[PDB]
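Enquirer: This structure is in structure tokens; I'll ask about it shortly.
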Amino acid sequence: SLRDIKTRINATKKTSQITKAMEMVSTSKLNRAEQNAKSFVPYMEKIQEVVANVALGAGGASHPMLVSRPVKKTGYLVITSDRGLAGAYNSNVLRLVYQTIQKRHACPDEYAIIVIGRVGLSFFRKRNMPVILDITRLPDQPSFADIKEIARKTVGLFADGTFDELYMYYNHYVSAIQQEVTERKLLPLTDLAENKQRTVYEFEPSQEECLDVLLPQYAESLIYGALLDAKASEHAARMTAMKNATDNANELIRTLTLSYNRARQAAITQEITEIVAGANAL
Amino acid sequence: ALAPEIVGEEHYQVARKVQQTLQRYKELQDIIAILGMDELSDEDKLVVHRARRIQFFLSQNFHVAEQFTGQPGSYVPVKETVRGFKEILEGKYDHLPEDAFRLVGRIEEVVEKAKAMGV
Amino acid sequence: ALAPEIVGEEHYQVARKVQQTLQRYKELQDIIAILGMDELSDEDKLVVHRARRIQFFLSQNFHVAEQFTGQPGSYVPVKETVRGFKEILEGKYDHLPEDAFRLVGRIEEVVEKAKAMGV
Amino acid sequence: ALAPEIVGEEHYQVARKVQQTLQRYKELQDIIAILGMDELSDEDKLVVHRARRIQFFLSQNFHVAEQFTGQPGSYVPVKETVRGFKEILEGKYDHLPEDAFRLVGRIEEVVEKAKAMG
Amino acid sequence: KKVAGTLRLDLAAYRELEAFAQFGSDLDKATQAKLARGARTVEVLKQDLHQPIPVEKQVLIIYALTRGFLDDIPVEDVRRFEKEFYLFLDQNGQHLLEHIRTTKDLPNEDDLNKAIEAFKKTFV
Amino acid sequence: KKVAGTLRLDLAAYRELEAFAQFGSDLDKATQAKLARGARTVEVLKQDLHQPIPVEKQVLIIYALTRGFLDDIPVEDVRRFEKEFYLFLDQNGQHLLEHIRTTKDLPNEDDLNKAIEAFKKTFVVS
């Protein structure tokens with residue numbers, strides 16, 4: 006129908022302009038996030054190496070965070086998007102976390118879930134899992150202090166023995182089109198960084214007390230590192246999803262446009278043949 | 353007869369303002385149908401909110417629809433129609449659920465119809 | 353001839369359920385033409401996986417096609433055609449890849465064609 | 353006529369490259385429109401530079417333009433434009449202000465017009 | 376002629392940008408500048424039924440939007456800032472209107488800037 | 376018939392998998408191997424105007440691509456590799472060219488594989 010096709014061409018044209026608008030704005034945010042993250046990359050090297058060197062050099066394993074223990078029960082931290090329209094980003098991290106728990110844990114009680122992102126909480130509310138902590142509505146660019154208090158809650162749950170082992174599941178930014186669903190172990194610190202270059206350190210703070218400061222500061226540092234990669238990878242995923250969406254829409258506009266022109270030329274050859282058919286008879 | 357002096361300034365203001373709301377809802381429906389409603393801004397959300405209510409509140413229970421819909425019917429005087437449509441546009445009645453605005457005559461009735469639903 | 357008494361209730365229930373999955377995927381096709389399958393949720397994802405399986409498992413190798421493609425042909429008796437669709441519809445063959453379902457006669461042939469790939 | 357039998361091979365190579373250079377710039381144009389010039393990779397800048405000079409050297413001072421302006425105007429033989437664009441595409445003249453290429457004739461005119469600025 | 380040329384460029388750079396970016400809360404600072412003057416231009420071109428405007432007054436309101444005097448004013452009151460400006464011009468600015476009708480030409484910029492800046496002090 | 380009958384259908388498959396792969400982010404090994412042969416076939420089917428190739432030379436260049444000897448050579452070089460092989464066949468490899476014309480038939484596989492490796496030693500790259 007000529008009237009109907011014209012509506013679709015007009016709708017596809019308008020929605021192509023919005024997909025392009027979200028492609029360009031995602032580019033601007035990605036550029037900033039790589040810059041902001043690279044600003045905390047030097048901070049991360051400084052803190053993580055000095056605290057590792059004092060934790061692993063000139064001393065034994067005498068911290069609950071350093072020492073390995075047999076695992077009575079465990080937790081998972083999974084970090085996901087608030088809004089949608091980013092393609093495969095949420096599914097491929099949820100796919101790894103869901104497959105991992107069921108395959109290697111055989112009791113609901115065995116595992117607990119910490120979640121960042123509305124889509125993660127939604128997936129857990131559907132199906133069925135419990136959630137111990139479920140932070141949401143973070144700003145587009147994260148600050149350290151947002152997860153200062155939330156991390157404080159998580160390290161309290163670990164440090165008092167509620168969970169004996171804890172894993173992070175998040176996306177890692179590698180390339181402009183390729184991003185990698187990955188898992189790392191936040192606690193215990195069964196392994197540690199080693200600069201191999203150390204200097205005499207003050208022996209006045211109690212070693213356990215001195216650690217009491219540096220272990221949580223390392224833990225917070227690791228979690229924030231995951232947010233830097235997570236937010237950067239979310240913005241890139243929306244940008245290609247928007248590039249491909251716009252390219253599909255513009256292709257559909259040329260295909261639809263030709264159907265309209267073929268229909269328009271047939272309607273003008275029918276009306277002229279009916280007119281001339283009556284005129285020839287009379 | 354929709355001219356500022358033929359119907360009055362208060363009437364004309366409300367009438368054209370309704371016509372902006374419903375034209376904005378028409379273009380926005382294309383974006384909702386393909387991309388989804390949650391993707392959009394607070395002002396776009398508030399347009400869709402009000403436009404749904406305005407469009408259903410244009411429906412009415414007639415006496416000749418006594419045969420077609422059971423319910424008896426209503427006559428709304430003009431002064432009342434202007435008051436009510438002004439309240440919808442200013443947001444006073446936005447708490448009520450949208451199904452309450454279908455086939456009702458005066459805005460007073462819409463408040464009670466909602467009470468039966470339980471709101 | 354598609355009527356419970358003529359075909360038997362098992363054939364009739366299998367044919368109608370196959371035609372219901374295919375109609376849902378002829379409506380999902382308007383949204384997956386643009387966005388891809390990120391927009392789809394839940395039942396939409398499971399329905400598109402099973403529709404892809406069904407649409408390729410309706411394709412066959414003919415003895416008269418030997419003059420065009422080097423493969424041998426296949427004849428599938430009716431009792432066998434119904435059994436295969438039911439296992440596809442239940443979801444018993446969810447794991448196997450879509451390229452193993454093309455140009456074959458019976459469900460046993462899909463399992464060996466998948467095993468050749470190892471995917 | 354833009355096929356190597358009719359135009360000859362030197363002309364065909366020079367022409368295709370000009371089209372390749374301009375199309376790539378049309379892409380980087382939307383990236384430069386959203387974000388800053390420093391952001392481009394070095395190789396991408398080496399294509400931005402050539403494209404701006406190529407776009408301007410296409411512009412020419414017409415003789416009928418002297419009613420709409422105050423300059424004499426020039427005619428260029430096909431061998432002189434084919435030679436000149438080969439020099440720009442080899443980069444021999446890249447030490448030049450951009451507007452030197454605006455509304456000019458033969459490539460040697462650019463040299464002198466540059467001196468005019470200083 | 377001098378005032379009308381800028382507007383054709385200004386309305387165009389909004390139609391392209393708006394067709395995508397009106398909703399985006401924050402884009403580049405320029406894009407914000409173009410979008411803001413874009414709305415004001417579509418409220419300066421709006422007019423009422425059966426009320427024609429003489430040419431000297433048209434050139435003055437278009438000079439003010441193009442040169443950025445109307446940025447400070449919000450989009451809703453652009454339809455009134457217009458009216459208050461026409462009153463102020465009649466009572467005080469008789470000298471500027473004398474010249475445009477007779478010489479079809481624009482007066483000295485310093486004097487125009489002085490009159491319009493002074494009214495911008497008066498407006499609330 | 377023996378050399379190239381599965382080319383028409385296999386080449387349609389590359390056209391779709393290229394279109395998916397450009398928008399695609401990460402591919403697997405069996406998809407990447409198929410993407411590498413498809414590019415060479417498209418450059419082996421590129422010709423030039425008013426230059427026909429005798430049929431015995433066609434079956435020899437297509438034997439290289441289908442059996443995978445051309446996999447070593449970088450892409451831009453494929454057109455020059457094809458001009459050179461035809462010159463070499465003329466100067467050196469006359470016995471292969473006599474057999475295909477009379478029997479419309481392909482020579483012994485050992486002798487053909489030997490000959491194609493012998494050409495590839497003489498060929499140089501970039």
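Residue numbers (the authors' numbering), protein chains in the order written: chain G, 6 to 287; chain D, 353 to 471; chain F, 353 to 471; chain E, 353 to 470; chain A, 376 to 499; chain B, 376 to 501. From the three backbone atoms N, C-alpha and C, an ideal C-beta is built for every residue, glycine too.
(1) Can you tell which of D/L410, D/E379, D/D382, D/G388 has the C-alpha that lies nearest to the C-alpha of D/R454?
(2) So, with DSSP's three-state summary, where would you put G/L82?
(3) Quick one: using the 10 Å Cβ neighbour count with 16 as the cut-off for buried, is G/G80 buried or exposed?
(4) Report buried or exposed for residue 342 of chain A, applying the criterion of at least 16 other Cβ atoms within 10 angstroms of its Cβ.
(5) Can you name the residues that DSSP bridges to G/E188?
(6) Ends of the beta strand (DSSP E) at G/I121?
(7) Count the other CB atoms, across all protein chains shown, that sit within 10 Å of the CB of G/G64; report buried if there are 16 or more and exposed otherwise.
(8) Closer than 8 Å, Cβ to any Cβ of chain D: which residues of the region 67-91 of chain G, in chain order?
(9) In chain G, what lies closer than 7 Å to A/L402 by C-beta?
(10) Please classify G/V56 as buried or exposed, where buried requires at least 16 other C-beta atoms within 10 Å of its C-beta.
(11) Taking the Cβ atom as the reference point for each residue, do G/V120 and G/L82 lie within a distance shorter than 9 Å?
(12) What span of residues does the alpha helix (DSSP H) with G/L162 cover, start to end?
(13) What do you reckon, are the CB atoms on G/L197 and G/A38 nearer than 9 Å?
(14) Which of the three DSSP states, helix, strand or coil, is assigned to E/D446?
(15) With a threshold of 8 Å, are at least 3 pairs of Cβ atoms found where one atom belongs to the region 437-446 of chain B and the other to the region 466-478 of chain B?
(16) Along the region 7-37 of chain G, what residues have a CB closer than 9 Å to any CB found in chain D?
(17) Note down, in chain order, every chain D residue with its Cβ under 9 Å from the Cβ of A/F398.
(18) List the DSSP bridge partners of G/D139.
(19) Under 7 Å between beta-carbons, which chain G residues line up against F/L387? List them in chain order, please.
(20) For the structure I just gave you, are there three or more beta carbon pairs, one from the region 20-28 of chain G and one from the region 380-396 of chain A, closer than 8 Å?
(21) Look at B/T497 and B/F463 and say whether their C-beta atoms are less than 9 Å apart.
(22) Closest Cβ-Cβ distance between E/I384 and chain G: below 9 Å?
(23) Where do the ends of the alpha helix (DSSP H) carrying A/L382 lie?
(24) Is A/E451 helix, strand or coil when you go by DSSP?
(25) Counting only the same chain and skipping the five closest in sequence on each side, list residues whose C-beta sits under 8 Å from that of F/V400.
(26) For D/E432, would you say it is in contact with chain G, using Cβ-to-Cβ distances shorter than 9 Å as the test?
(27) Are any of the Cβ atoms in chain G nearer than 9 Å to that of residue 518 of chain A?
(28) Would you check if the region 435-443 of chain F and the region 398-406 of chain B touch, i.e. whether three or more CB-CB distances between them fall below 8 Å?
(29) Using 9 Å as the limit for Cβ to Cβ distance, is A/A405 near chain G?
(30) Express the C-alpha separation of D/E362 and residue 314 of chain G in angstroms, rounding to a whole number.
(31) Does B/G399 come out as helix, strand or coil in the three-state DSSP assignment?
(32) Whose C-beta lies closer than 8 Å to the C-beta of G/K190 among residues of the same chain, with five residues either side of it excluded?
(33) For E/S426 and B/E431, what's the separation of their Cα atoms in angstroms?
(34) For a contact meaning CB atoms closer than 7 Å, what does A/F395 contact in chain G?
(35) Using C-beta distances below 8 Å, list every residue in its chain close to A/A379, excluding the 5 sequence neighbours before and after it, in chain order.
Expert: So, from the listed chains and residues:
(1) On the second sequence, residue 454 of chain D is found 102 positions in, with the first residue counted as 1. Out of D/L410, D/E379, D/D382, D/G388, D/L410 has the C-alpha closest to the C-alpha of D/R454.
(2) Position 77 of the first sequence, counted from the first residue, corresponds to residue 82 of chain G. Looking at G/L82 - three-state DSSP - the assignment turns out to be strand.
(3) Locating residue 80 of chain G in the first sequence gives position 75, counting from the first residue. G/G80 should be labelled buried.
(4) Lying outside 376 to 499, the shown extent of chain A, residue 342 of chain A is not represented and no answer is given.
(5) Taking the first residue of the first sequence as 1, we reach residue 188 of chain G at position 183. DSSP, once it has assigned bridges, lists G/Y174 as partnering G/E188.
(6) As a first step, residue 121 of chain G is located in the first sequence; it is residue number 116 there, counting from the start. G/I121 -> beta strand (DSSP E) spans 116-121.
(7) Counted from its first residue, the first sequence places residue 64 of chain G at position 59. By the 10 Å Cβ count, G/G64 comes out exposed.
(8) Listed in sequence order: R88, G89, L90.
(9) By 1-based counting over the fifth sequence, the position of residue 402 of chain A is 27. What A/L402 touches in chain G: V30.
(10) As a position in the first sequence, residue 56 of chain G is number 51, starting the count at 1. That one is buried.
(11) Taking the first sequence and counting its residues from 1, the one referred to as residue 120 of chain G is at position 115. Taking the first sequence and counting its residues from 1, the one referred to as residue 82 of chain G is at position 77. Yes, the pair counts as a contact, with Cβ atoms nearer than the cut-off.
(12) The residue given as residue 162 of chain G occupies position 157 in the first sequence. Run containing G/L162: 151-164, per the alpha helix (DSSP H) assignment.
(13) Taking the first residue of the first sequence as position 1, residue 197 of chain G is located at position 192. Taking the first residue of the first sequence as position 1, residue 38 of chain G is located at position 33. Taking 9 Å as the cut-off, the Cβ atoms of G/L197 and G/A38 do not count as close.
(14) Residue 446 of chain E sits at position 94 when you count from the first residue of the fourth sequence. If DSSP states are grouped into helix, strand and coil, E/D446 belongs with coil.
(15) no
(16) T12, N15, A16, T17, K19, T20, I23, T24, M27
(17) Taking the first residue of the fifth sequence as position 1, residue 398 of chain A is located at position 23. Going along chain D in sequence order, the residues near A/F398 (Cβ under 9 Å) are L392, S393, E395, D396.
(18) In the first sequence, the residue the question calls residue 139 of chain G occupies position 134. Note: G/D139 sits in a beta bridge opposite G/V120.
(19) For this step, residue 387 of chain F is matched to residue 35 along the third sequence. Those within 7 Å of F/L387 in chain G are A250.
(20) The region 20-28 of chain G is in contact with the region 380-396 of chain A.
(21) As a working note, residue 497 of chain B is residue 122 in the sixth sequence. As a working note, residue 463 of chain B is residue 88 in the sixth sequence. Going by C-beta atoms, B/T497 is nearer than 9 Å to B/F463.
(22) As a working note, residue 384 of chain E is residue 32 in the fourth sequence. Chain G contact via Cβ: absent.
(23) By 1-based counting over the fifth sequence, the position of residue 382 of chain A is 7. Unbroken alpha helix (DSSP H) run through A/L382: 377-396.
(24) By one-based count along the fifth sequence, residue 451 of chain A stands at place 76. The answer is coil: DSSP assigns A/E451 none of H, G, I, E or B.
(25) Taking the first residue of the third sequence as 1, we reach residue 400 of chain F at position 48. Closer than 8 Å at Cβ, skipping near neighbours: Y377, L380, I384, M389, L392.
(26) As a position in the second sequence, residue 432 of chain D is number 80, starting the count at 1. No, its Cβ sits nowhere closer than 9 Å to a Cβ of chain G.
(27) Outside the displayed span of chain A (376 to 499) sits residue 518 of chain A, for which this structure offers no information.
(28) By the criterion of at least three beta-carbon pairs nearer than 8 Å, the region 398-406 of chain B is not in contact with the region 435-443 of chain F.
(29) For the purposes of this step, residue 405 of chain A is identified with residue 30 of the fifth sequence, where counting begins at 1. No, A/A405 does not count as interfacial toward chain G.
(30) Lying outside 6 to 287, the shown extent of chain G, residue 314 of chain G is not represented and no answer is given.
(31) Your numbering for residue 399 of chain B matches position 24 in the sixth sequence. Here B/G399 sits in coil by DSSP.
(32) On the first sequence, position 185 is the one that residue 190 of chain G refers to. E170, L171, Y172, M173, listed in sequence order.
(33) For the purposes of this step, residue 426 of chain E is taken as residue 74 along the fourth sequence, with counting starting at 1. For the purposes of this step, residue 431 of chain B is taken as residue 56 along the sixth sequence, with counting starting at 1. C-alpha separation (whole angstroms): 57 Å.
(34) Locating residue 395 of chain A in the fifth sequence gives position 20, counting from the first residue. Residues of chain G passing the Cβ test: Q22, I23, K25, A26.
(35) As a first step, residue 379 of chain A is located in the fifth sequence; it is residue number 4 there, counting from the start. Answer for A/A379: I437, listed in chain order.
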